[PDB]
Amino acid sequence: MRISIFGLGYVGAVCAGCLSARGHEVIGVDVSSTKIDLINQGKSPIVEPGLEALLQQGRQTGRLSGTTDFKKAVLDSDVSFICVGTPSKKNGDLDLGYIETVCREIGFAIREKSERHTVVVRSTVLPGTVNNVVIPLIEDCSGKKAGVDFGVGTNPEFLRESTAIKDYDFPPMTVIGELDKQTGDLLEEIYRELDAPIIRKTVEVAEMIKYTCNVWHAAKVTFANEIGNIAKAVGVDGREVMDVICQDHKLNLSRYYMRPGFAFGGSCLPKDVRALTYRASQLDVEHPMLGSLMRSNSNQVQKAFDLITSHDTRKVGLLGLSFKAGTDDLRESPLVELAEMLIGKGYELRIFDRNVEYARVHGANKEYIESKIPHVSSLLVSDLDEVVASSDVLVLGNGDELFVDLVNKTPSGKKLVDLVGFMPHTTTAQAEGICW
């Protein structure tokens, strides 16, 4: 395919090299005549292993060239990848300056082009950027309309500097933000041979995925460092500790714990976080990230409370009370906390939990339930149908499979607040999720 790439930096030069190596005819575009001149000499503008060879190969086969003539580039290509910078503004916000300039240029360029052109944003931009910035600018400069006249989509990159070519060749996945199907199909064709999933999503999901990947990488580093600092302070090797953590692919390096939802609770996570951070404090080890967990957690409880109390009714049914489905353990259950908040605010609360109800009859926790939290346990209702019938707002609190039916076919006149993820789709007038 004929392809134009806007921006020949750390990302764009690699893409240019990798695409031309696969047989595409690539025209690199940059405002920097320094970078353009190097590329036309088969020279890498950066230190990146293997890049110079790919650029050399591209010039020799006539499949790679560099230019500042953006109009010609667009006229001579089927698709333009935007790979320009999105640096921070002074205040930390996303600087759209370069994206804006390129969009105007591309719009001017396609104004009289009679073949359908396609624009693909590889640069990392926030959700909303394509709708509110890219499309309007291109549409205003071209006199054409997105979709029918020109294709638009996003295609984030996951390359790491120093291993960019290997990362391109063997990525974890290809992510496509799709508006019109033609562009999505075009991108699928370009990446089709890679051994990784092609994931097509809305533009907004695609961009959120990119940011989430990068912030996750940052969170991982930060976690390893804070733990490392604590380990050193207690006289052990932080690398040894993290090495063992990384041998666990069931809980540590799996998708478990990675579902957006409600606060964590139970008899161990809260106390163990408090104890480790307490010890770190005693040892003069600052730990901003580890020290933020409990506050964030409490914030999530408040968030659920705010969703529940936003409905002009006092009749709340709480589905689940112990900290997890399948256990009766009430210790530091966020659902108990939520229940107590509701009771404190005068709500008419009914609660269903088959595990806790069972525990009132069989088990060693009867005294806790009847004497320690009587204000809450007295609100237990043994019949799920009754909780549903007599409540207006139903809160899906933990993962009991018995709550599935209620979500699949909700009686009329009820509002659901989903803290776990039972909902098949996003928030509607009758059902709202805490993170969807």
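Counting begins at 1, following the sequence as shown.
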> 288 to 296 versus 360 to 368: which one carries the higher mean Cα B factor per the record?
Replying inline: 360 to 368
> Mean C-alpha B-factor higher for 180 to 188, or for 252 to 260?
Replying inline: 180 to 188
>> Just to confirm, going by the entry's C-alpha B-factors, which of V407, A389, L380, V393 comes out highest?
In response: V407
> Which of these, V84, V316, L194, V273, has its C-alpha atom at the highest B-factor, as the entry lists it?
Replying inline: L194
> Among the modelled residues of its chain, does the C-alpha B-factor of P171 lie in the lowest, middle or highest third?
Replying inline: middle
> In terms of the chain's CA B-factor thirds, is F158 lowest, middle or highest?
Replying inline: lowest
>> By the recorded C-alpha temperature factor, relative to the other modelled residues in its chain, which third is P45 in?
In response: highest
> Mind checking which third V133 falls in for C-alpha B-factor across the chain?
Replying inline: highest
>> When the deposited Cα B-factors of this chain's modelled residues are ordered and cut into thirds, is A429 in the lowest, the middle or the highest one?
In response: highest
